[PDB]
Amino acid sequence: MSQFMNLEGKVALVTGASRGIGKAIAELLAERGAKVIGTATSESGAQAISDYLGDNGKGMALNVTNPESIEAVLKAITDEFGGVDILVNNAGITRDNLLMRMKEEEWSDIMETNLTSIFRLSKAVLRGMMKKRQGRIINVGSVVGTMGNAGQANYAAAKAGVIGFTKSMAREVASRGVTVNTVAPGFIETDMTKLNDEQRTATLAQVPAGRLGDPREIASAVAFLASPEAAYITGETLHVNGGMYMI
């Protein structure tokens, strides 16, 4: 209702919003007033997004590794809603393996999807933001980017790369009222995590909080950084991990 953390008038683009964290981000940004565009890799996924967003946004099909798709989706957004004010780079995948078993494809698929996508999507929205002297870019990273993790050298390289990209863009655009930050979740209750008894208990053994995080808790950190009130935060990595790692 109030003027606090109020995103009325802002257009938000949330990639990979069909479920879990991306869905929670999209839902919360809309609740705080934003016109939200959520993306999925298929039209039926896009349609499921439209359905949960109702009058507060819509779903669009997007492949973040395809520049043609990116250009199509942003043109469509800008026509109806105007320039994107808030970009949330949530889309991402895992292709886990110990290094000696890791395929070239498994490395390159992670680079493309989890790191190079952020370069393309960010580049695609930045001009409009610089022109208006207002913007938010928020990348959904991971505790693994900062901590490292066995069996996820590719994922960790890509997520650490997102931080290096963020800090640099932060410096490039700070004087023009655009912030660029990363939110780094620890282990969050999701389809991915819903693992056998042993594995969950093992990861949980490394969380002081003694539980998995909720997608809503990641959404909240993203909504915070997206807000007018977070204008003096840039180049930051906001860790939301239950104490799994502390920097």
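All residue numbers are counted from 1 along the displayed sequence.
Counting the unmodelled positions of the deposited sequence between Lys194 and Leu195 gives a small gap of 1 to 3 residues.
For the pair 60-68 and 179-187, the mean B factor over Cα atoms is greater in 60-68.
Looking at mean Cα B-factors across 234-242 and 7-15, the upper value is held by 7-15. Between the residues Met130, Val88, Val144, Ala158, the entry's highest C-alpha temperature factor is the one at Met130. Highest CA B-factor among the listed residues (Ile137, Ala76, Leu115, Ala153): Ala76. For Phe165, the recorded CA B-factor ranks within the lowest third of the chain. Only modelled residues enter the ranking. Sorting the modelled residues of the chain by their CA temperature factor places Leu204 in the highest third.
Ranked by C-alpha B-factor against the other modelled residues of its chain, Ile37 falls in the middle third.
The PDB entry assigns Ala48 a C-alpha temperature factor belonging to the highest third of its chain's modelled residues. Sorting the modelled residues of the chain by their CA temperature factor places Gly92 in the middle third.
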